[PDB]
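Next up, model34.txt (compact mmCIF, C-alpha atoms and all ligand atoms):
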```
# COMPACT_ATOMS: atom_id res chain seq x y z
CA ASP A 414 110.44 193.33 136.89
CA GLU A 415 107.89 191.35 134.88
CA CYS A 416 110.00 188.27 134.07
CA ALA A 417 111.03 187.33 137.62
CA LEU A 418 107.38 187.08 138.69
CA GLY A 419 107.28 183.28 138.67
CA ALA A 420 106.34 181.21 135.63
CA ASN A 421 107.07 181.86 131.95
CA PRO A 422 104.57 183.78 129.78
CA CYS A 423 106.43 182.78 126.62
CA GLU A 424 105.12 179.28 126.00
CA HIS A 425 107.34 177.56 123.42
CA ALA A 426 110.65 178.03 125.24
CA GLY A 427 110.61 181.69 124.23
CA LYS A 428 112.58 184.20 126.28
CA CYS A 429 110.90 186.76 128.52
CA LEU A 430 112.07 190.33 128.02
CA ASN A 431 111.03 193.05 130.44
CA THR A 432 109.76 196.28 129.06
CA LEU A 433 108.71 198.93 131.61
CA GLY A 434 105.44 198.36 133.38
CA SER A 435 105.21 195.42 130.96
CA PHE A 436 106.99 192.74 128.89
CA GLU A 437 107.45 191.21 125.42
CA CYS A 438 108.21 187.66 124.23
CA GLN A 439 111.34 186.86 122.21
CA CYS A 440 110.00 183.98 120.13
CA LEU A 441 112.14 181.07 118.96
CA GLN A 442 112.30 180.45 115.21
CA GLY A 443 108.97 179.23 113.85
CA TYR A 444 106.73 180.93 116.41
CA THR A 445 104.80 184.20 116.26
CA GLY A 446 102.14 186.09 118.18
CA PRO A 447 102.42 188.22 121.35
CA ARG A 448 103.40 185.27 123.56
CA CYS A 449 104.59 182.76 120.93
CA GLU A 450 101.53 180.51 121.29
CA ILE A 451 100.98 180.15 117.55
CA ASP A 452 102.91 177.85 115.21
CA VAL A 453 104.01 179.85 112.19
CA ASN A 454 103.07 178.20 108.91
CA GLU A 455 106.38 177.96 107.07
CA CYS A 456 104.55 176.88 103.91
CA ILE A 457 102.74 180.15 103.15
CA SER A 458 105.25 181.22 100.51
CA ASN A 459 104.49 178.05 98.51
CA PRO A 460 108.23 177.53 98.00
CA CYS A 461 108.11 174.21 96.16
CA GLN A 462 107.18 173.66 92.52
CA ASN A 463 106.30 170.78 90.18
CA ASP A 464 103.13 169.69 92.00
CA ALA A 465 104.98 168.87 95.22
CA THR A 466 103.50 168.76 98.73
CA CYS A 467 104.54 171.22 101.44
CA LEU A 468 104.83 170.08 105.05
CA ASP A 469 104.74 172.75 107.75
CA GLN A 470 107.20 171.76 110.46
CA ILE A 471 108.46 173.56 113.56
CA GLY A 472 110.71 176.37 112.38
CA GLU A 473 111.06 175.10 108.82
CA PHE A 474 109.24 173.66 105.81
CA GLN A 475 109.64 170.26 104.15
CA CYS A 476 108.54 169.26 100.66
CA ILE A 477 107.81 165.88 99.12
CA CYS A 478 108.59 165.94 95.41
CA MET A 479 106.65 164.15 92.70
CA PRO A 480 108.70 161.16 91.48
CA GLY A 481 111.59 162.19 89.23
CA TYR A 482 111.95 165.64 90.77
CA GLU A 483 114.34 166.66 93.55
CA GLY A 484 115.89 169.57 95.42
CA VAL A 485 114.80 171.62 98.41
CA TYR A 486 112.06 173.34 96.40
CA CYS A 487 111.61 170.31 94.13
CA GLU A 488 113.00 172.56 91.41
CA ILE A 489 115.33 170.04 89.78
CA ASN A 490 114.22 167.51 87.19
CA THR A 491 116.68 164.71 87.92
CA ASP A 492 118.93 163.96 84.96
CA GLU A 493 118.67 160.18 85.15
CA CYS A 494 121.47 160.02 82.58
CA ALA A 495 123.94 161.75 84.90
CA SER A 496 125.61 158.48 85.91
CA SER A 497 126.29 157.49 82.29
CA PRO A 498 124.14 154.33 82.50
CA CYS A 499 123.94 152.99 78.93
CA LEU A 500 127.17 151.08 78.23
CA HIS A 501 129.19 150.51 75.05
CA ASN A 502 128.30 153.77 73.29
CA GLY A 503 124.55 153.54 73.76
CA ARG A 504 122.41 156.67 73.65
CA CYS A 505 120.68 158.00 76.76
CA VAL A 506 117.16 159.42 76.86
CA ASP A 507 116.05 161.10 80.09
CA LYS A 508 112.36 161.43 80.93
CA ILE A 509 110.80 161.61 84.41
CA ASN A 510 111.91 159.12 87.07
CA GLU A 511 112.70 156.97 84.04
CA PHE A 512 115.42 156.57 81.41
CA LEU A 513 115.57 154.79 78.06
CA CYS A 514 118.67 153.51 76.26
CA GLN A 515 118.68 153.61 72.48
CA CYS A 516 120.41 150.35 71.57
CA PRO A 517 122.79 150.15 68.60
CA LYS A 518 122.43 146.93 66.59
CA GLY A 519 123.94 143.88 68.28
CA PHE A 520 123.24 145.05 71.83
CA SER A 521 120.23 144.43 74.05
CA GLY A 522 119.02 144.53 77.64
CA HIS A 523 118.08 147.41 79.93
CA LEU A 524 121.53 149.04 79.89
CA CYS A 525 122.33 147.88 76.34
CA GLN A 526 124.96 145.43 77.60
CA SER B 26 104.56 167.11 117.42
CA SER B 27 101.55 169.38 116.94
CA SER B 28 98.98 166.88 115.65
CA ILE B 29 98.24 163.17 116.02
CA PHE B 30 96.93 160.51 113.64
CA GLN B 31 94.90 157.85 115.46
CA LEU B 32 94.07 154.43 114.02
CA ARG B 33 91.72 152.00 115.77
CA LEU B 34 91.72 148.36 114.72
CA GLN B 35 88.31 146.89 115.52
CA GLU B 36 87.78 143.50 113.89
CA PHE B 37 89.66 141.13 111.59
CA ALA B 38 88.11 138.13 109.83
CA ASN B 39 90.39 135.41 108.47
CA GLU B 40 88.84 131.94 108.37
CA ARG B 41 90.86 129.00 106.98
CA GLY B 42 94.00 130.96 107.86
CA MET B 43 95.36 131.48 104.36
CA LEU B 44 98.59 133.30 103.51
CA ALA B 45 99.12 135.34 100.34
CA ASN B 46 100.89 132.45 98.61
CA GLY B 47 97.77 130.31 99.06
CA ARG B 48 99.29 128.18 101.81
CA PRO B 49 97.39 127.71 105.10
CA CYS B 50 98.87 128.98 108.38
CA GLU B 51 100.44 126.38 110.65
CA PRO B 52 99.19 125.95 113.21
CA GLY B 53 97.26 129.22 112.98
CA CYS B 54 97.77 132.74 111.66
CA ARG B 55 99.51 134.53 114.52
CA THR B 56 98.50 137.91 113.16
CA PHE B 57 100.33 141.18 113.68
CA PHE B 58 99.93 144.43 111.75
CA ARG B 59 102.25 146.79 109.92
CA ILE B 60 100.89 150.27 109.26
CA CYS B 61 102.26 152.68 106.68
CA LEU B 62 101.04 156.27 106.69
CA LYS B 63 102.23 158.52 103.88
CA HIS B 64 101.22 161.43 101.66
CA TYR B 65 98.46 161.33 99.06
CA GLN B 66 99.85 160.05 95.78
CA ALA B 67 97.43 159.42 92.93
CA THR B 68 100.23 157.72 91.02
CA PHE B 69 101.31 154.21 92.03
CA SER B 70 102.70 153.74 95.54
CA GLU B 71 106.36 154.75 95.59
CA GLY B 72 108.81 155.41 98.42
CA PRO B 73 108.70 154.95 102.22
CA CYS B 74 106.19 155.96 104.89
CA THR B 75 106.68 159.72 105.14
CA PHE B 76 104.12 160.25 107.91
CA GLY B 77 105.52 157.43 110.03
CA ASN B 78 105.43 153.64 110.32
CA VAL B 79 104.46 151.29 113.15
CA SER B 80 104.41 147.54 113.85
CA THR B 81 102.07 145.96 116.40
CA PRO B 82 102.48 142.76 118.42
CA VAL B 83 100.32 139.69 117.77
CA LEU B 84 96.71 140.64 118.51
CA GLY B 85 94.87 137.42 117.65
CA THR B 86 94.54 134.25 115.59
CA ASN B 87 92.50 133.96 112.37
CA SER B 88 89.19 135.68 113.11
CA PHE B 89 89.02 137.81 116.25
CA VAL B 90 87.59 141.00 117.77
CA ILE B 91 90.13 143.62 118.84
CA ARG B 92 89.60 145.29 122.22
CA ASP B 93 90.78 148.79 123.10
CA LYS B 94 93.92 149.08 125.22
CA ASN B 95 94.47 152.18 127.34
CA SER B 96 98.06 151.15 128.08
CA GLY B 99 99.41 146.97 122.81
CA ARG B 100 98.34 150.58 122.39
CA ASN B 101 94.92 150.66 120.72
CA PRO B 102 93.99 152.97 119.11
CA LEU B 103 97.44 153.34 117.52
CA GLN B 104 99.39 156.59 117.89
CA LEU B 105 101.32 158.44 115.18
CA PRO B 106 102.83 161.76 116.32
CA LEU B 107 103.67 164.03 113.38
CA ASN B 108 106.72 166.26 112.90
CA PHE B 109 104.47 168.56 110.88
CA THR B 110 101.06 170.18 110.49
CA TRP B 111 98.42 167.88 108.99
CA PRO B 112 98.29 168.40 105.19
CA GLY B 113 94.66 167.34 104.83
CA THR B 114 95.35 164.50 102.40
CA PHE B 115 96.91 161.11 103.14
CA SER B 116 97.55 157.52 102.09
CA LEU B 117 96.93 154.57 104.42
CA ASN B 118 98.49 151.11 104.07
CA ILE B 119 97.44 148.33 106.45
CA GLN B 120 99.14 144.93 106.20
CA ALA B 121 98.17 141.73 108.01
CA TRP B 122 101.07 139.37 108.70
CA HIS B 123 101.93 136.02 110.27
CA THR B 124 104.87 135.20 112.54
CA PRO B 125 106.24 131.91 113.93
CA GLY B 126 108.38 133.81 116.42
CA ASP B 127 107.79 135.61 119.71
CA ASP B 128 104.95 138.09 120.22
CA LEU B 129 107.51 140.61 121.45
CA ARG B 130 108.52 142.41 118.24
CA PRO B 131 106.95 140.07 115.64
CA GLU B 132 108.72 142.11 112.96
CA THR B 133 111.94 140.63 114.35
CA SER B 134 111.40 137.10 113.02
CA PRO B 135 112.72 135.29 109.92
CA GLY B 136 109.55 133.29 109.23
CA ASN B 137 107.25 136.28 108.73
CA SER B 138 104.76 135.84 105.89
CA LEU B 139 102.07 138.18 104.55
CA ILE B 140 98.37 137.43 105.03
CA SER B 141 96.46 140.29 103.40
CA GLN B 142 96.57 144.07 102.94
CA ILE B 143 94.39 147.05 102.00
CA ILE B 144 95.00 150.56 100.67
CA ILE B 145 93.05 153.82 100.96
CA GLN B 146 93.80 157.47 100.27
CA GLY B 147 91.90 160.75 100.30
CA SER B 148 91.10 163.84 102.36
CA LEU B 149 90.65 164.11 106.13
CA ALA B 150 90.00 167.06 108.44
CA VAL B 151 91.23 167.38 112.03
CA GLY B 152 88.61 166.47 114.62
CA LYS B 153 87.56 164.06 117.36
CA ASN B 154 85.14 162.48 114.88
CA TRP B 155 86.06 158.87 114.10
CA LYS B 156 85.81 157.96 110.42
CA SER B 157 84.99 154.27 110.06
CA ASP B 158 85.49 152.01 107.04
CA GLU B 159 85.18 148.36 106.02
CA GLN B 160 87.19 146.32 103.52
CA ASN B 161 85.70 143.01 102.39
CA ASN B 162 87.30 140.41 100.16
CA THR B 163 86.79 136.70 99.45
CA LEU B 164 89.48 135.73 101.97
CA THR B 165 89.54 138.47 104.60
CA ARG B 166 87.48 141.30 106.07
CA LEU B 167 88.83 144.33 107.90
CA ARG B 168 86.77 146.83 109.88
CA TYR B 169 88.50 149.88 111.30
CA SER B 170 88.20 153.55 112.20
CA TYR B 171 90.58 156.50 112.25
CA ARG B 172 90.78 160.20 113.06
CA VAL B 173 93.13 163.16 113.32
CA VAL B 174 93.18 165.06 116.60
CA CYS B 175 95.33 167.79 118.13
CA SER B 176 98.03 167.21 120.73
CA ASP B 177 96.99 168.11 124.27
CA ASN B 178 96.57 171.86 124.93
CA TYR B 179 96.59 172.51 121.17
CA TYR B 180 93.61 173.98 119.32
CA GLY B 181 92.46 175.25 115.92
CA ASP B 182 91.66 173.70 112.55
CA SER B 183 95.33 172.83 112.03
CA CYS B 184 96.44 172.44 115.66
CA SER B 185 98.65 175.49 115.14
CA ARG B 186 97.65 177.40 118.27
CA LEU B 187 98.59 176.64 121.87
CA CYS B 188 96.28 177.37 124.80
CA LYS B 189 97.32 176.52 128.34
CA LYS B 190 94.86 177.82 130.94
CA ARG B 191 96.19 180.42 133.38
CA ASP B 192 95.03 181.99 136.62
CA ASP B 193 97.90 184.25 137.63
CA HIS B 194 99.55 187.60 136.87
CA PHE B 195 100.00 186.91 133.16
CA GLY B 196 96.37 185.94 132.61
CA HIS B 197 93.04 184.77 134.02
CA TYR B 198 91.37 182.73 131.28
CA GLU B 199 90.04 179.40 130.05
CA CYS B 200 90.55 177.79 126.64
CA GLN B 201 88.11 177.98 123.73
CA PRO B 202 88.13 175.32 120.95
CA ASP B 203 89.89 177.76 118.59
CA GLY B 204 92.69 178.55 121.05
CA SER B 205 91.48 182.01 122.03
CA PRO B 206 91.36 182.81 125.77
CA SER B 207 88.00 182.82 127.54
CA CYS B 208 88.31 185.48 130.25
CA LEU B 209 87.49 184.48 133.82
CA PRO B 210 84.73 186.55 135.48
CA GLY B 211 85.96 190.03 136.40
CA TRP B 212 88.76 190.22 133.84
CA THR B 213 89.21 191.46 130.27
CA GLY B 214 91.71 191.99 127.46
CA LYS B 215 93.46 189.74 124.96
CA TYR B 216 95.12 187.57 127.60
CA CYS B 217 92.67 188.44 130.38
CA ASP B 218 95.25 190.14 132.60
CA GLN B 219 93.42 193.46 132.87
CA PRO B 220 91.23 193.72 135.99
CA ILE B 221 87.64 194.89 135.58
CA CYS B 222 87.22 197.81 137.98
CA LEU B 223 84.21 198.25 140.28
CA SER B 224 80.88 198.97 138.59
CA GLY B 225 80.56 202.68 137.83
CA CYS B 226 84.15 203.54 138.77
CA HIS B 227 85.24 206.56 136.73
CA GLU B 228 86.83 205.31 133.51
CA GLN B 229 88.99 208.42 133.22
CA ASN B 230 89.77 209.32 136.84
CA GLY B 231 89.64 205.85 138.39
CA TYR B 232 91.61 202.62 138.07
CA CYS B 233 92.11 199.24 139.74
CA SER B 234 94.73 196.55 140.38
CA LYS B 235 92.25 193.91 141.52
CA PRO B 236 88.76 193.03 140.19
CA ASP B 237 85.80 195.04 141.55
CA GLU B 238 88.16 197.63 143.03
CA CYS B 239 88.18 201.38 142.46
CA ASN B 240 91.15 203.61 143.26
CA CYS B 241 91.27 207.34 142.59
CA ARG B 242 93.87 209.14 140.50
CA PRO B 243 95.37 212.29 142.13
CA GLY B 244 92.73 214.95 142.82
CA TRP B 245 89.72 212.67 143.18
CA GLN B 246 87.87 210.79 145.93
CA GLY B 247 84.73 208.77 146.63
CA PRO B 248 83.49 205.22 145.94
CA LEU B 249 83.43 205.87 142.19
CA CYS B 250 86.18 208.52 141.96
CA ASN B 251 83.64 210.89 140.40
CA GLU B 252 83.94 213.57 143.08
CA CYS B 253 86.54 216.34 142.78
CA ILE B 254 88.74 217.74 145.53
CA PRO B 255 88.59 221.57 145.66
CA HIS B 256 91.78 223.68 145.80
CA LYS B 257 93.67 223.27 149.07
CA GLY B 258 92.33 226.05 151.28
CA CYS B 259 88.99 226.48 149.53
CA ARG B 260 86.53 227.44 152.27
CA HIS B 261 83.32 228.67 150.65
CA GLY B 262 83.55 227.30 147.12
CA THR B 263 82.94 224.19 145.03
CA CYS B 264 84.60 222.26 142.20
CA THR B 265 84.02 220.39 138.97
CA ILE B 266 87.72 219.88 138.32
CA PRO B 267 90.39 219.18 141.00
CA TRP B 268 92.26 222.21 142.39
CA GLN B 269 89.41 224.66 141.84
CA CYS B 270 87.59 227.12 144.08
CA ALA B 271 84.38 228.37 142.48
CA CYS B 272 82.82 230.73 145.02
CA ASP B 273 79.27 230.32 146.31
CA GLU B 274 76.64 233.03 146.72
CA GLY B 275 77.85 236.24 148.37
CA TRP B 276 81.46 235.03 148.47
CA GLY B 277 84.54 235.98 146.46
CA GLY B 278 88.32 235.99 146.28
CA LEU B 279 90.66 233.21 145.14
CA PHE B 280 90.03 230.87 148.08
CA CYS B 281 86.49 232.25 148.44
CA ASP B 282 86.60 233.89 151.87
CA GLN B 283 85.56 237.54 151.47
CA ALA B 284 82.23 239.03 150.38
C1 LIG C 1 81.21 143.37 104.54
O1 LIG C 1 80.76 142.11 105.06
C2 LIG C 1 79.81 142.22 106.13
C3 LIG C 1 79.52 140.81 106.59
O2 LIG C 1 79.60 140.69 108.00
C4 LIG C 1 78.57 142.96 105.64
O3 LIG C 1 77.65 143.11 106.72
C5 LIG C 1 78.95 144.32 105.09
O4 LIG C 1 77.81 144.96 104.54
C6 LIG C 1 80.02 144.17 104.01
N1 LIG C 1 80.44 145.48 103.52
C7 LIG C 1 80.13 145.94 102.31
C8 LIG C 1 79.31 145.03 101.44
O5 LIG C 1 80.50 147.05 101.92
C1 LIG C 2 102.89 194.13 128.71
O1 LIG C 2 102.11 194.77 127.69
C2 LIG C 2 100.98 193.99 127.29
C3 LIG C 2 100.29 194.66 126.11
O2 LIG C 2 101.24 194.90 125.07
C4 LIG C 2 100.03 193.82 128.47
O3 LIG C 2 98.98 192.91 128.11
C5 LIG C 2 100.75 193.29 129.71
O4 LIG C 2 99.88 193.38 130.85
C6 LIG C 2 102.05 194.05 129.99
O5 LIG C 2 102.75 193.36 131.03
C1 LIG C 3 108.70 180.82 101.84
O1 LIG C 3 109.71 180.70 100.83
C2 LIG C 3 111.01 181.11 101.25
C3 LIG C 3 111.98 181.03 100.08
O2 LIG C 3 112.80 182.21 100.04
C4 LIG C 3 111.48 180.23 102.42
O3 LIG C 3 112.76 180.66 102.89
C5 LIG C 3 110.46 180.29 103.55
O4 LIG C 3 110.84 179.38 104.60
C6 LIG C 3 109.07 179.94 103.03
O5 LIG C 3 108.12 180.09 104.09
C1 LIG C 4 123.04 156.10 87.15
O1 LIG C 4 123.61 154.79 87.01
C2 LIG C 4 122.98 153.80 87.83
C3 LIG C 4 123.73 152.48 87.68
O2 LIG C 4 124.36 152.14 88.92
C4 LIG C 4 121.51 153.66 87.44
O3 LIG C 4 120.87 152.71 88.29
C5 LIG C 4 120.80 155.01 87.54
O4 LIG C 4 119.48 154.89 87.01
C6 LIG C 4 121.57 156.08 86.77
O5 LIG C 4 120.97 157.36 87.03
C1 LIG C 5 101.54 165.63 98.35
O1 LIG C 5 102.34 164.90 97.42
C2 LIG C 5 102.19 165.28 96.06
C3 LIG C 5 103.18 164.50 95.21
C4 LIG C 5 100.74 165.06 95.60
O2 LIG C 5 100.44 163.69 95.54
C5 LIG C 5 99.77 165.80 96.54
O3 LIG C 5 98.42 165.51 96.22
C6 LIG C 5 100.05 165.50 98.02
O4 LIG C 5 99.31 166.40 98.81
CA CA C 6 107.83 196.68 132.33
CA CA C 7 104.96 175.33 111.61
CA CA C 8 114.62 163.41 84.21
```
Mind converting the file's structure to structure tokens?
Ligand SMILES: *[C@@H]1O[C@H](CO)[C@@H](O)[C@H](O)[C@H]1NC(C)=O
Ligand SMILES: *[C@@H]1O[C@H](CO)[C@@H](O)[C@H](O)[C@H]1O
Ligand SMILES: *[C@@H]1O[C@H](CO)[C@@H](O)[C@H](O)[C@H]1O
Ligand SMILES: *[C@@H]1O[C@H](CO)[C@@H](O)[C@H](O)[C@H]1O
Ligand SMILES: *[C@@H]1O[C@@H](C)[C@@H](O)[C@@H](O)[C@@H]1O
Ligand SMILES: [Ca+2]
Ligand SMILES: [Ca+2]
Ligand SMILES: [Ca+2]
Amino acid sequence: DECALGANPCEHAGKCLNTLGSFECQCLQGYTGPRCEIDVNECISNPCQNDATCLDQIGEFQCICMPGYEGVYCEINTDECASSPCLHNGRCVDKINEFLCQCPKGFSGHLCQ
Amino acid sequence: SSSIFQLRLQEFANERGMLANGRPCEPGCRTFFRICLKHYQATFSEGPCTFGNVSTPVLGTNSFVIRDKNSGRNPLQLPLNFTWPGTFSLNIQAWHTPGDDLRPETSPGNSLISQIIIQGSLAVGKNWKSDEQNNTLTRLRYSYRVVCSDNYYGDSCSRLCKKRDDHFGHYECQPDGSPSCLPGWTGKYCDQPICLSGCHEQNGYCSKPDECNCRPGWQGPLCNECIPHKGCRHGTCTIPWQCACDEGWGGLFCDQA
């Protein structure tokens, strides 16, 4: 029927499906509309937090986090003290893309070393 | 690759040929450019080029005017894996190389000349936005724009429009991506033929433009004329398969006074 009639009405590599006396387009992920000619905006749901920036890609969304934040939705404030940085029983103070080591007396330097 | 960032280098002024470190070029500043396009960040520049990076070959020495190249590739081309966000950050660096012009970035003696930085908002369009950057040592004059990939339309290049003239459609492309129906066609995708002028909307149809075919029980150029009941001799019709007797006639098929 409709699909064998030459070219492809579904534009972005979508599959042609024959209805009766007509057809419908099986759109690949990230495409909508009758004949898949429109790029779906994957960033409508505003998935990412912490003042990030959403990038609408083909079939998926990508977010650039503000410095110090991470995760797919930029939902995680990175514990910069996770690696146990301050040595010799120093104290660790996490902030944002930044960490400070409280230095006990007799020790100095960035890592209190 | 739905949208494209275009960057045209126009003119670069660098008399004396001075590097960043204050040393003069020897023998002259064989200048190539590194471009870094990334997202708008009000805070200090951190991270890589998220929108894409590109290095150019040596374009000139010291002060020179840059010509367009249809096939270097000026204006520069940056295809994006994403829809244009509207905001951006642009980093243009001028460099010097003692090595070959083929891939100047692949040379050990590379030294920086000068660089500039701009960020802000930009809307998709064929309109070139031009800007100058003057300093005591160097001057840079350039222009840039964001356009849609070929056959792509809309404010965000998110709609595809390839022109058709076959069974699936007969249309041209409007700037917003919506089909512009060819003469004699209608519908969303312009695949519905416009029947002959005056052809009965209810009783007539067509498969080709300016044609008029009659649904069962009708005839004529406009399919507006009924066909009386088979065997109707002295009677008329308004609706197919009828036999409304004339004057002085009667009976079902109208044939007896
Ligand atoms: C940059 O320098 C040029 C000199 O050729 C001058 O014409 C132009 O106005 C300057 N741009 C400014 C001052 O913004
Ligand atoms: C399939 O149906 C659509 C409307 O849904 C029509 O435009 C096409 O002509 C038909 O093949
Ligand atoms: C909207 O947010 C959801 C999170 O559930 C994500 O899966 C979608 O891709 C996004 O458009
Ligand atoms: C984990 O430890 C490393 C030391 O290698 C430090 O650089 C990081 O800041 C910390 O998170
Ligand atoms: C995307 O990145 C974030 C971090 C902010 O700088 C935004 O303004 C930008 O659009
Ligand atoms: Ca069908
Ligand atoms: Ca998309
Ligand atoms: Ca933190």
Contacts of residue A:447 within 9 Å, only C-alpha atoms, excl. fewer than 5 positions in-chain, as a ChimeraX atom specification
/A:423,437-438,440
With 12 Å as the cut-off and all atoms listed in the file counted, what is the closest atom pair between each nearby residue of stretch 77-174 of chain B and stretch 473-480 of chain A? Distances in Å to one decimal, ordered by chain and number, as a Markdown table.
```
| residue | atom | partner | partner_atom | distance |
| --- | --- | --- | --- | --- |
| B:108 | CA | A:475 | CA | 10.1 |
| B:109 | CA | A:474 | CA | 8.6 |
| B:110 | CA | A:474 | CA | 10.0 |
| B:112 | CA | A:476 | CA | 11.2 |
```
Produce a table with one row for each residue of chain B that has an atom at most 12 Å from any atom of chain A, each row naming the nearest atom pair and its distance in Å at one decimal; use only C-alpha atoms; arrange rows by chain and rising residue number; format as CSV.
```
residue,atom,partner,partner_atom,distance
B:26,CA,A:471,CA,8.5
B:27,CA,A:452,CA,8.8
B:28,CA,A:470,CA,10.9
B:63,CA,A:477,CA,10.4
B:64,CA,A:466,CA,8.2
B:65,CA,A:466,CA,9.0
B:66,CA,A:479,CA,8.5
B:67,CA,A:479,CA,10.4
B:68,CA,A:480,CA,9.2
B:69,CA,A:480,CA,10.2
B:70,CA,A:480,CA,10.4
B:71,CA,A:480,CA,8.0
B:72,CA,A:480,CA,9.0
B:73,CA,A:477,CA,11.4
B:74,CA,A:477,CA,11.6
B:75,CA,A:477,CA,8.7
B:76,CA,A:468,CA,10.3
B:107,CA,A:470,CA,9.0
B:108,CA,A:470,CA,6.0
B:109,CA,A:470,CA,4.2
B:110,CA,A:469,CA,5.3
B:111,CA,A:468,CA,7.8
B:112,CA,A:468,CA,6.8
B:113,CA,A:468,CA,10.5
B:114,CA,A:466,CA,9.9
B:115,CA,A:466,CA,11.0
B:178,CA,A:450,CA,10.6
B:179,CA,A:450,CA,9.4
B:180,CA,A:451,CA,9.8
B:181,CA,A:451,CA,10.0
B:183,CA,A:452,CA,9.6
B:184,CA,A:452,CA,8.4
B:185,CA,A:452,CA,4.9
B:186,CA,A:451,CA,4.4
B:187,CA,A:450,CA,4.9
B:188,CA,A:450,CA,7.1
B:189,CA,A:424,CA,8.6
B:190,CA,A:422,CA,11.5
B:191,CA,A:422,CA,9.7
B:192,CA,A:420,CA,11.4
B:193,CA,A:420,CA,9.2
B:194,CA,A:418,CA,8.1
B:195,CA,A:422,CA,6.5
B:196,CA,A:422,CA,8.9
B:203,CA,A:451,CA,11.4
B:204,CA,A:450,CA,9.1
B:205,CA,A:450,CA,10.2
B:206,CA,A:450,CA,11.3
B:215,CA,A:447,CA,9.8
B:216,CA,A:448,CA,9.5
B:218,CA,A:435,CA,11.4
```
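Here atom CA of residue B:152 is placed at a distance of 22.1 Å from atom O1 of ligand LIG 5 (chain C).
Atom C1 of ligand LIG 5 (chain C) sits 13.2 Å away from atom CA of residue A:486.
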Which protein, DNA or RNA residues have an atom within 7 Å of ligand LIG 3 (chain C), counting all atoms listed in the file, as a list in words?
residues 455, 456, 457, 458, 459, 460, 473 and 474 of chain A
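Atom CA of residue B:120 is positioned 19.1 Å from atom CA of residue B:156.
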Set the distance at 9 Å and use only C-alpha atoms: which residues neighbour residue B:58 once local chain neighbours fewer than 2 positions away are removed? I'd like the list as a list in words.
residues 56, 60, 79, 80, 81, 82, 83, 84, 119, 120, 121, 122 and 123 of chain B
Residues of chain A at most 9 Å from ligand CA 8 (chain C): nearest atom pair and distance in Å, all atoms listed in the file, as a Markdown table:
```
| residue | atom | partner | partner_atom | distance |
| --- | --- | --- | --- | --- |
| A:481 | CA | C:CA8 | CA | 6.0 |
| A:482 | CA | C:CA8 | CA | 7.4 |
| A:489 | CA | C:CA8 | CA | 8.7 |
| A:490 | CA | C:CA8 | CA | 5.1 |
| A:491 | CA | C:CA8 | CA | 4.4 |
| A:492 | CA | C:CA8 | CA | 4.4 |
| A:493 | CA | C:CA8 | CA | 5.3 |
| A:494 | CA | C:CA8 | CA | 7.8 |
| A:506 | CA | C:CA8 | CA | 8.7 |
| A:507 | CA | C:CA8 | CA | 4.9 |
| A:508 | CA | C:CA8 | CA | 4.4 |
| A:509 | CA | C:CA8 | CA | 4.2 |
| A:510 | CA | C:CA8 | CA | 5.8 |
| A:511 | CA | C:CA8 | CA | 6.7 |
| A:512 | CA | C:CA8 | CA | 7.4 |
```
May I have the selected residues written with C-alpha atoms, as an mmCIF file, keeping the file's coordinate frame?
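Contents of part.cif, as written:
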```
data_model
loop_
_atom_site.group_PDB
_atom_site.id
_atom_site.type_symbol
_atom_site.label_atom_id
_atom_site.label_comp_id
_atom_site.auth_asym_id
_atom_site.auth_seq_id
_atom_site.Cartn_x
_atom_site.Cartn_y
_atom_site.Cartn_z
ATOM 1 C CA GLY A 481 111.590 162.190 89.230
ATOM 2 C CA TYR A 482 111.950 165.640 90.770
ATOM 3 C CA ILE A 489 115.330 170.040 89.780
ATOM 4 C CA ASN A 490 114.220 167.510 87.190
ATOM 5 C CA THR A 491 116.680 164.710 87.920
ATOM 6 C CA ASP A 492 118.930 163.960 84.960
ATOM 7 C CA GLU A 493 118.670 160.180 85.150
ATOM 8 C CA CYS A 494 121.470 160.020 82.580
ATOM 9 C CA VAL A 506 117.160 159.420 76.860
ATOM 10 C CA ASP A 507 116.050 161.100 80.090
ATOM 11 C CA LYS A 508 112.360 161.430 80.930
ATOM 12 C CA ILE A 509 110.800 161.610 84.410
ATOM 13 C CA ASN A 510 111.910 159.120 87.070
ATOM 14 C CA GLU A 511 112.700 156.970 84.040
ATOM 15 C CA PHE A 512 115.420 156.570 81.410
#
```
Using all atoms listed in the file, list the residues that have an atom at most 7 Å from (96.6, 155.0, 107.8), coordinates as in the file, as a VMD selection string.
chain B and resid 32 60 to 62 116 to 119
Grab all the atoms of stretch 44-48 of chain B that the file lists, wrap them in a box along x, y and z, add 4 Å per side, and give me centre plus edge lengths in Å (one decimal) as JSON.
```
{"center_x": 99.3, "center_y": 131.8, "center_z": 101.1, "size_x": 11.1, "size_y": 15.2, "size_z": 12.9}
```
So which residues are near ligand LIG 1 (chain C), meaning at most 8 Å away with only C-alpha atoms and all ligand atoms counted, given back as a compact mmCIF listing (two decimals) with C-alpha atoms, in the frame of the given file?
```
# COMPACT_ATOMS: atom_id res chain seq x y z
CA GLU B 159 85.18 148.36 106.02
CA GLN B 160 87.19 146.32 103.52
CA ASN B 161 85.70 143.01 102.39
CA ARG B 166 87.48 141.30 106.07
```
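Proximal residues of ligand CA 6 (chain C) are residues 414, 415, 416, 430, 431, 432, 433, 434, 435, 436 and 437 of chain A, by a cut-off of 10 Å on all atoms listed in the file.
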Exercise: residue B:158 partners within 7 Å, all atoms listed in the file, chain neighbours under 3 positions left out, as a PyMOL selection string
chain B and resi 168-170
